[PDB]
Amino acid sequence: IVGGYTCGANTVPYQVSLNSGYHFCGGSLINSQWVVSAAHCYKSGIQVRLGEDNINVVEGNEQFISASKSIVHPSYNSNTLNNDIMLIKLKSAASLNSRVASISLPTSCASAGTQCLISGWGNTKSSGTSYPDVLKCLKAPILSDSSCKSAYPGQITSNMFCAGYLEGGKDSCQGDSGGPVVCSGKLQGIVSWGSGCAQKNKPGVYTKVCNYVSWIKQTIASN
């Protein structure tokens, strides 16, 4: 997260880190046994880390649980990042409490101008690289589909939305991928892509979660 703030330990209780010996992506806990992330985050051998603040120090609220299975969206296109969504099942249910908690799926698609909370352990620099050890947070509005398409001609599908600031300075970044965009207490986006981070006229592009609620619910019900 570029141009964000330190969230505070366990203030984003649905935020998970995906670990394969190291943090590589974020995710969102949507019930005691399932995580939503970005399909471009797929790999084998995932350990889900819940209850994290400092991802390099054991602070006392962690739960580390290996994934039993991953399900990439059946229409994921890695070239276009259309349908950049995957589900990860935990081998055992997490223990839920105020510091480790699921986030609800949306009932409604959020609109342009709605304020959302974007969070992650990704790069905090637009130029060069600095990884934080603690969770970073950013409040950002959803942008109009017209401003989104104008920023990224030929690239924005009906399964994407832009959020952030056309002026630059404030954005998600590398290492935030798969993490949450939460608006009015519901998971509306997944950190997906952007051209660099926090560059002018290159806002963040997010998977549009409201399009996937039927697929998520049906997939969980049978797996």
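Throughout, rigid core stands for the largest set of C-alpha atoms superposing within 1.5 Å between the two forms. From 1 onward, residues are counted along the sequence shown.
- Stretch comparison, 129-137 versus 144-152: after rigid core superposition, larger RMS CA deviation in 8 other deposited structures of this protein is found for 129-137.
- Comparing 83-91 with 123-131, the stretch with the higher mean C-alpha B-factor in the PDB entry is 123-131.
- Of the residues listed, 189, 194, 168, 175, the entry assigns the biggest Cα temperature factor to 168.
- Of all the options 51, 180, 164, 154, the entry's greatest CA B-factor is assigned to 154.
- Remark: residue 28 belongs to the lowest third of its chain, ranked by C-alpha B-factor as recorded.
- Per-chain ranking of the deposited C-alpha B factor places residue 110 in the highest third.
- Ranked by C-alpha B-factor against the other modelled residues of its chain, residue 19 falls in the lowest third.
- Sorting the modelled residues of the chain by their CA temperature factor places residue 117 in the lowest third.
- Ranked against the other modelled residues of its chain, the C-alpha B-factor of residue 139 as given in the entry falls in the middle third.
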